[PDB]
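Engineer: Before I ask anything, let me first share the structure, which is written out below as structure tokens.
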Amino acid sequence: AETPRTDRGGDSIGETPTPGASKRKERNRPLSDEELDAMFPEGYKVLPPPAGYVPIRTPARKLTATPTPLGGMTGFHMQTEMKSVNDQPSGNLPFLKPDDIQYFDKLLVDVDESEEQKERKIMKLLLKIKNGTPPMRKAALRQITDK
Amino acid sequence: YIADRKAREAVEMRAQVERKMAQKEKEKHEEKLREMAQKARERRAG
Amino acid sequence: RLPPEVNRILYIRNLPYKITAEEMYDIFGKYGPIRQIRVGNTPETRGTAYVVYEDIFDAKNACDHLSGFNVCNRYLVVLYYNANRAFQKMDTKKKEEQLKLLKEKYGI
Amino acid sequence: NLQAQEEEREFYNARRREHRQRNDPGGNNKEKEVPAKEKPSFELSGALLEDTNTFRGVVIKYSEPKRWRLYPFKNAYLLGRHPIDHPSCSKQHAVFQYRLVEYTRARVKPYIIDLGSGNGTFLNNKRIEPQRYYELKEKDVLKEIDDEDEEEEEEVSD
Amino acid sequence: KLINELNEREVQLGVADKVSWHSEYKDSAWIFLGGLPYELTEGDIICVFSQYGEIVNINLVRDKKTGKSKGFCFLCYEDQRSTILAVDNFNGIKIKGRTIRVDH
Amino acid sequence: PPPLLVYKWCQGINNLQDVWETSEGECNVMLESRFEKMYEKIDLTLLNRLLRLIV
């Protein structure tokens, strides 16, 4: 709790810093690697591929103006011709809207049967509550009540 | 099935041919244009 | 002239397990400078990645042209990544030093 | 009987009007009604990239006559000092707004317009006066007096 | 803010013209623009609201001593249908970050 | 629409180069026909390879 309130004080103070600066002079404000580690969930890695491709990313700003003013185009050739994809299969798994994938992606992968990760994995019964037939919603609802 | 395999192969070969004949042309065009530009700058100097 | 829900972060999927960050930086590097990019190295998250740009409109042109764009045999899933959700793994702190700095240097 | 009332009135523009209506700062030189990109005007010409009309830029550093890059005009463009201006220029003499290059319709034609940069700008080493669109023809040169750089224009052919 | 929801109950129910509540007046040009930004001035608001008509004369209330706007203006057009158009149209508008209000 | 096609067809004929000139013994031939059984004689196996060239 003292930490909770400590956060609001810092929040208002940064508001006074930014607001003040304009007088002295949004969501697009540049970010820090701890702030970067703050957003994304567990289990991901940061990559450099090169130092050189990274220098391309740094020149990219300057080259977003520069290389957009330069030669470029795309074309296709006529030639004869694998196609993987995932819905939510198991037995049934009522359908996923194209956005909801972000939430339910963990259910899509078929890796199965090896603790908590299996409780989150089995907790996708939510999906059965959200979308599905009314009976699936009923039975799912009870099953999650008793659990 | 044989006709399809050999046919696809042949058309592929013809494709790398057309591409190979294309790139030389592109570079010839860029060199030509660069020559025109250098001549233009020289005419700008004098 | 933009929908509010889109954000500088894009969730990208339908990736191979062999895929190289060279192709990543090259391809995605069209629209703008990369803030950075993460890739799942973990058993479930392998095949997924997150891209973050210095500007949103970068990402907007990205999902515009990169929509269902192809790599290898695959058509990548390109979505605007959500916010909040799982955050509090990290904390709010370390504001004191930087704020003391801006209060020191410029004196404001 | 010096100043009857101390306030009176204005009847004048407001900073938030012109501000909000043009922002990258606020900018000048809002595009005229005609402006249209050159590629789509090559589409109404029925021209694939082979026979299409694309204006490429050519650089020569004014002291030494080539390419630091080469620039397409096809993708108007704001020529300025560097962030606001799209066509950033390292030249220290360029005002924060130096000039602009707008393709207009009279046909799809290139145009250069000075923003009234303090120094000016030289065209073929011959300056133009501010505040009018001046058509450019191929091989023309841009840098008002001797200018760290030079520029040339080329249509794509041969 | 309440206006726009009255125009929605007027359009949704099929009010059909002359029973419109702009017929409440018929006698009045002068319009009320409140919630205006303080940087604004005569020539400005004239330039924005001459869109829907020709404004004859506007008195914007500006505090007598300090000589700055109190934040609102009473305006007068040459045409009433310009007033009907302006109240029914120009309302709920953003100016300099703040949404102005208009009414007869 | 089909009748407009008929019109495009007639004026298409009449706009041909020297179409009606019989001076040197030129001869015009109109030919109309059907493919008789066409649907019924399509071969599925072949049709598969033919579609593989398209989609």
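Identifiers in this document derive from the order of the structure tokens: chains are assigned A, B, ..., residues are numbered from 1 separately in each chain, and ligands are numbered from 1 in order of occurrence.
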Per residue of chain B within 8 Å of chain D, which atom pair is closest and at what distance in Å (one decimal), using only C-alpha atoms, listed by chain and increasing number, as CSV?

Structural biologist:
residue,atom,partner,partner_atom,distance
B:29,CA,D:158,CA,5.4
B:32,CA,D:158,CA,7.1
B:33,CA,D:158,CA,7.2
B:37,CA,D:58,CA,7.4
B:40,CA,D:139,CA,6.7
B:41,CA,D:65,CA,7.0
B:44,CA,D:124,CA,7.8

Engineer: Keeping only C-alpha atoms, write the selected residues to a file as an mmCIF file, in the first residue's frame.

Structural biologist:
data_model
loop_
_atom_site.group_PDB
_atom_site.id
_atom_site.type_symbol
_atom_site.label_atom_id
_atom_site.label_comp_id
_atom_site.auth_asym_id
_atom_site.auth_seq_id
_atom_site.Cartn_x
_atom_site.Cartn_y
_atom_site.Cartn_z
ATOM 1 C CA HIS B 29 20.418 1.749 -67.859
ATOM 2 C CA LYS B 32 23.830 5.309 -68.847
ATOM 3 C CA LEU B 33 21.788 7.587 -66.590
ATOM 4 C CA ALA B 37 24.116 13.090 -64.938
ATOM 5 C CA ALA B 40 25.076 17.438 -66.894
ATOM 6 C CA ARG B 41 27.179 18.408 -63.875
ATOM 7 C CA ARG B 44 27.068 22.933 -65.000
#

Engineer: If you count only C-alpha atoms, which residues fall within 9 Å of residue E:43, apart from same-chain ones fewer than 2 positions away, as number ranges by chain?

Structural biologist: D: 10-14; E: 40-41, 45-48

Engineer: I'd like a table as a Markdown table: residues in chain F with an atom no more than 12 Å from chain B, each row giving the shortest atom pair and its distance in Å to one decimal, only C-alpha atoms counted, sorted by chain and rising residue number.

Structural biologist:
| residue | atom | partner | partner_atom | distance |
| --- | --- | --- | --- | --- |
| F:45 | CA | B:1 | CA | 10.7 |
| F:46 | CA | B:1 | CA | 10.4 |
| F:48 | CA | B:1 | CA | 11.2 |
| F:49 | CA | B:4 | CA | 8.1 |
| F:50 | CA | B:4 | CA | 10.3 |
| F:52 | CA | B:4 | CA | 9.8 |
| F:53 | CA | B:4 | CA | 9.6 |

Engineer: Quick one: write out the picked residues with C-alpha atoms as a tab-separated table (two decimals), in the first residue's frame?

Structural biologist:
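Below is the file result.tsv, written as the result:
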chain	number	residue	atom	x	y	z
F	45	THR	CA	-7.50	-36.25	-64.56
F	46	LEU	CA	-6.50	-33.80	-67.27
F	48	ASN	CA	-6.62	-31.37	-62.55
F	49	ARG	CA	-3.30	-30.72	-64.29
F	50	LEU	CA	-4.94	-27.90	-66.23
F	52	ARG	CA	-2.70	-26.74	-61.40
F	53	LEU	CA	-1.44	-24.30	-64.02

Engineer: From chain C, collect each residue whose DSSP state is helix (DSSP H, G or I) and return the set as a ChimeraX atom specification.

Structural biologist: /C:21-28,56-66,95-104

Engineer: Name the residues of stretch 62-155 of chain D that fall into strand (DSSP E or B) according to DSSP on the backbone, using the chain letters and numbers of this document, as a PyMOL selection string.

Structural biologist: chain D and resi 64+70-72+77-81+88-89+97-105+108-114+122-123+126-127+134-135+141-142+149-155

Engineer: Env of residue A:44: 9 Å cut, atoms = only C-alpha atoms, seq-sep filter 5 positions within chain, self excluded. Answer as JSON, numbers by chain.

Structural biologist: {"C": [38, 39, 40, 41, 42, 45, 49]}

Engineer: How many Å lie between atom CA of residue D:107 and atom CA of residue D:50, rounded to one decimal?

Structural biologist: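 Result for atom CA of residue D:107 versus atom CA of residue D:50: 19.2 Å, one decimal.
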
Engineer: List as a VMD selection string the protein and nucleic acid residues near stretch 57-69 of chain C, meaning an atom at most 12 Å away when only C-alpha atoms are counted, but skip any in the same chain fewer than 2 places from it.

Structural biologist: (chain A and resid 28 60 to 61 64) or (chain C and resid 1 to 15 27 to 35 50 to 55 71 to 81)

Engineer: For chain E, which residues have at least one atom within 12 Å of chain D, if we go by only C-alpha atoms? Write them as a ChimeraX atom specification, please.

Structural biologist: /E:37-48,58-69,94-98

Engineer: How about saving the chosen residues, N, CA and C atoms kept, as a PDB file, in the first residue's frame?

Structural biologist:
ATOM      1  N   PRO E  37     -12.154  29.182 -26.862  1.00  0.00           N
ATOM      2  CA  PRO E  37     -10.786  29.338 -26.361  1.00  0.00           C
ATOM      3  C   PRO E  37     -10.415  30.806 -26.206  1.00  0.00           C
ATOM      4  N   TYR E  38      -9.596  31.086 -25.189  1.00  0.00           N
ATOM      5  CA  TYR E  38      -9.328  32.469 -24.808  1.00  0.00           C
ATOM      6  C   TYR E  38      -8.443  33.174 -25.828  1.00  0.00           C
ATOM      7  N   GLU E  39      -7.692  32.412 -26.627  1.00  0.00           N
ATOM      8  CA  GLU E  39      -6.797  33.042 -27.592  1.00  0.00           C
ATOM      9  C   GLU E  39      -7.560  33.572 -28.791  1.00  0.00           C
ATOM     10  N   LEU E  40      -8.804  33.142 -28.948  1.00  0.00           N
ATOM     11  CA  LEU E  40      -9.577  33.477 -30.128  1.00  0.00           C
ATOM     12  C   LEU E  40      -9.949  34.954 -30.109  1.00  0.00           C
ATOM     13  N   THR E  41     -10.298  35.476 -31.279  1.00  0.00           N
ATOM     14  CA  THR E  41     -10.647  36.883 -31.395  1.00  0.00           C
ATOM     15  C   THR E  41     -11.714  37.034 -32.471  1.00  0.00           C
ATOM     16  N   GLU E  42     -12.094  38.283 -32.734  1.00  0.00           N
ATOM     17  CA  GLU E  42     -13.153  38.607 -33.678  1.00  0.00           C
ATOM     18  C   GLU E  42     -12.884  38.003 -35.047  1.00  0.00           C
ATOM     19  N   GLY E  43     -11.855  38.509 -35.729  1.00  0.00           N
ATOM     20  CA  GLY E  43     -11.586  38.079 -37.090  1.00  0.00           C
ATOM     21  C   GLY E  43     -11.554  36.576 -37.250  1.00  0.00           C
ATOM     22  N   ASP E  44     -11.002  35.869 -36.266  1.00  0.00           N
ATOM     23  CA  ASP E  44     -10.964  34.415 -36.297  1.00  0.00           C
ATOM     24  C   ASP E  44     -12.363  33.824 -36.378  1.00  0.00           C
ATOM     25  N   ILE E  45     -13.140  33.995 -35.308  1.00  0.00           N
ATOM     26  CA  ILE E  45     -14.444  33.342 -35.226  1.00  0.00           C
ATOM     27  C   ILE E  45     -15.331  33.801 -36.373  1.00  0.00           C
ATOM     28  N   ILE E  46     -15.086  35.014 -36.863  1.00  0.00           N
ATOM     29  CA  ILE E  46     -15.740  35.454 -38.087  1.00  0.00           C
ATOM     30  C   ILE E  46     -15.313  34.582 -39.255  1.00  0.00           C
ATOM     31  N   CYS E  47     -14.019  34.270 -39.340  1.00  0.00           N
ATOM     32  CA  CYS E  47     -13.539  33.481 -40.470  1.00  0.00           C
ATOM     33  C   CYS E  47     -14.040  32.047 -40.403  1.00  0.00           C
ATOM     34  N   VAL E  48     -14.258  31.515 -39.201  1.00  0.00           N
ATOM     35  CA  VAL E  48     -14.750  30.144 -39.124  1.00  0.00           C
ATOM     36  C   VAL E  48     -16.262  30.076 -39.304  1.00  0.00           C
ATOM     37  N   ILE E  58     -20.835  40.687 -34.579  1.00  0.00           N
ATOM     38  CA  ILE E  58     -20.704  39.843 -33.401  1.00  0.00           C
ATOM     39  C   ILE E  58     -20.083  40.656 -32.279  1.00  0.00           C
ATOM     40  N   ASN E  59     -20.672  40.531 -31.099  1.00  0.00           N
ATOM     41  CA  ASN E  59     -20.112  41.066 -29.869  1.00  0.00           C
ATOM     42  C   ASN E  59     -19.636  39.885 -29.038  1.00  0.00           C
ATOM     43  N   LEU E  60     -18.322  39.739 -28.917  1.00  0.00           N
ATOM     44  CA  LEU E  60     -17.725  38.721 -28.067  1.00  0.00           C
ATOM     45  C   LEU E  60     -17.473  39.329 -26.700  1.00  0.00           C
ATOM     46  N   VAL E  61     -17.875  38.619 -25.651  1.00  0.00           N
ATOM     47  CA  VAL E  61     -17.770  39.174 -24.309  1.00  0.00           C
ATOM     48  C   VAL E  61     -16.322  39.023 -23.863  1.00  0.00           C
ATOM     49  N   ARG E  62     -15.648  40.148 -23.650  1.00  0.00           N
ATOM     50  CA  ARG E  62     -14.280  40.166 -23.155  1.00  0.00           C
ATOM     51  C   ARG E  62     -14.243  41.081 -21.944  1.00  0.00           C
ATOM     52  N   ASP E  63     -13.644  40.595 -20.859  1.00  0.00           N
ATOM     53  CA  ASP E  63     -13.718  41.295 -19.584  1.00  0.00           C
ATOM     54  C   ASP E  63     -13.177  42.712 -19.719  1.00  0.00           C
ATOM     55  N   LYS E  64     -13.931  43.673 -19.183  1.00  0.00           N
ATOM     56  CA  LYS E  64     -13.702  45.078 -19.501  1.00  0.00           C
ATOM     57  C   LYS E  64     -12.325  45.546 -19.051  1.00  0.00           C
ATOM     58  N   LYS E  65     -11.923  45.176 -17.837  1.00  0.00           N
ATOM     59  CA  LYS E  65     -10.673  45.679 -17.282  1.00  0.00           C
ATOM     60  C   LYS E  65      -9.475  45.029 -17.961  1.00  0.00           C
ATOM     61  N   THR E  66      -9.294  43.726 -17.743  1.00  0.00           N
ATOM     62  CA  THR E  66      -8.156  43.028 -18.327  1.00  0.00           C
ATOM     63  C   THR E  66      -8.172  43.073 -19.850  1.00  0.00           C
ATOM     64  N   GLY E  67      -9.351  43.173 -20.455  1.00  0.00           N
ATOM     65  CA  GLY E  67      -9.431  43.222 -21.904  1.00  0.00           C
ATOM     66  C   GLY E  67      -9.171  41.894 -22.582  1.00  0.00           C
ATOM     67  N   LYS E  68      -9.531  40.791 -21.931  1.00  0.00           N
ATOM     68  CA  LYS E  68      -9.419  39.468 -22.524  1.00  0.00           C
ATOM     69  C   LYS E  68     -10.783  38.799 -22.494  1.00  0.00           C
ATOM     70  N   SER E  69     -10.946  37.810 -23.364  1.00  0.00           N
ATOM     71  CA  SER E  69     -12.232  37.158 -23.550  1.00  0.00           C
ATOM     72  C   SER E  69     -12.673  36.469 -22.268  1.00  0.00           C
ATOM     73  N   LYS E  94     -14.368  20.773 -32.050  1.00  0.00           N
ATOM     74  CA  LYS E  94     -13.087  20.963 -31.387  1.00  0.00           C
ATOM     75  C   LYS E  94     -12.401  22.220 -31.901  1.00  0.00           C
ATOM     76  N   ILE E  95     -11.972  23.061 -30.966  1.00  0.00           N
ATOM     77  CA  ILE E  95     -11.133  24.214 -31.273  1.00  0.00           C
ATOM     78  C   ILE E  95     -10.038  24.288 -30.226  1.00  0.00           C
ATOM     79  N   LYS E  96      -8.789  24.182 -30.673  1.00  0.00           N
ATOM     80  CA  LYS E  96      -7.630  24.305 -29.797  1.00  0.00           C
ATOM     81  C   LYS E  96      -7.702  23.320 -28.636  1.00  0.00           C
ATOM     82  N   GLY E  97      -8.405  22.203 -28.828  1.00  0.00           N
ATOM     83  CA  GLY E  97      -8.510  21.159 -27.841  1.00  0.00           C
ATOM     84  C   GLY E  97      -9.797  21.170 -27.043  1.00  0.00           C
ATOM     85  N   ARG E  98     -10.571  22.246 -27.117  1.00  0.00           N
ATOM     86  CA  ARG E  98     -11.785  22.382 -26.326  1.00  0.00           C
ATOM     87  C   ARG E  98     -13.004  22.493 -27.235  1.00  0.00           C
TER      88      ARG E  98
END

Engineer: Sorted by chain and rising residue number, list the residues of chain A at most 12 Å from chain B (counting only C-alpha atoms), each with its closest atom pair and distance in Å to one decimal, as CSV.

Structural biologist:
residue,atom,partner,partner_atom,distance
A:71,CA,B:30,CA,10.6
A:75,CA,B:19,CA,11.6
A:76,CA,B:15,CA,11.1
A:77,CA,B:15,CA,7.8
A:78,CA,B:15,CA,8.5
A:79,CA,B:12,CA,6.9
A:80,CA,B:8,CA,6.3
A:81,CA,B:8,CA,8.8

Engineer: With only C-alpha atoms as the basis for distance, which of D:102, D:18, D:114, D:51 is at the shortest distance from residue D:36?

Structural biologist: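 Ranking D:102, D:18, D:114, D:51 by distance to residue D:36, first place goes to D:102.
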
Engineer: For a test of reading the model, state the distance in Å between atom CA of residue E:4 and atom CA of residue E:17, rounded to one decimal.

Structural biologist: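 Atom CA of residue E:17 lies 16.4 Å from atom CA of residue E:4.
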
Engineer: Using Å and a single decimal, report how far atom CA of residue B:31 sits from atom CA of residue B:46.

Structural biologist: 22.9 Å
